[PDB]
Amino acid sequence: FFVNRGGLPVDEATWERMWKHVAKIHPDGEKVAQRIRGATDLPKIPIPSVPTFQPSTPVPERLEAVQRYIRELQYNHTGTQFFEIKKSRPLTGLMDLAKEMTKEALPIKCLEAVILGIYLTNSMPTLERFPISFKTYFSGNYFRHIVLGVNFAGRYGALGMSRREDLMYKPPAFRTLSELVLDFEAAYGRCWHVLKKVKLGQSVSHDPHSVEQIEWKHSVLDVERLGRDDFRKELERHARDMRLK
């Protein structure tokens, strides 16, 4: 998973590196490059339209539309991340990045989807947004994932992008934050991953010009050292911390 630095269009070096990565990863890799590179019969991809909402549309319907747009961008399986995301940047820089993502319309992954969800829900002041990071373990390897937890009318859901359907979108129907996180943990266990750490952030400002930073790791929960009851207690403590601004 290389990261494209230098913006779009992809520079010659990053383009060649992406194609070399493809040639080594994919069997038929250089045949793949030979078929695709320079081809004149490739499909035209329509630029997906950014959803806009009537004031009468309920927020959960808007969330469905936003998740649909994010999915339409497609999950990035090319091995080259096309947008560099510096997580410590001020909000307004990340929002400019999300706007450029909407204008250039390329495949994305976990963190790009989180930033896009923040950018696309800034118009919903009754909706709170906060990042949720997962660190899991499988077959001697550690894995990291992130979604945008969401809160509306006292119920929790999520937006995001993931390889698996049960590791991204959750409609805002979970009555407590712990139930949402435990649903994610159940999906992880279903795909034979052990959940090690959960990192929950504070609410993100709805001001796209804000210079504040996203507070990614307001609560870092070691699942195994906490146990069930203390895990739930800490998740509810984070929920309280959030709803008290």
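Counting begins at 1, following the sequence as shown.
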| property | result |
| --- | --- |
| 69-77 set against 131-139, stretch whose average Cα temperature factor tops the other in the entry | 131-139 |
| Between the two ranges 155-163 and 81-89, the one averaging a larger CA B factor in the entry | 81-89 |
| Residue of maximum C-alpha B factor among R62, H206, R35, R190, per deposited coordinates | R35 |
| Where the record places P55 (Cα B-factor, split into thirds across the chain) | lowest |
| Assigned third (lowest, middle, highest) for the C-alpha B factor of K199 | lowest |
| Position of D183 among the chain's modelled residues by C-alpha B-factor, lowest, middle or highest third | lowest |
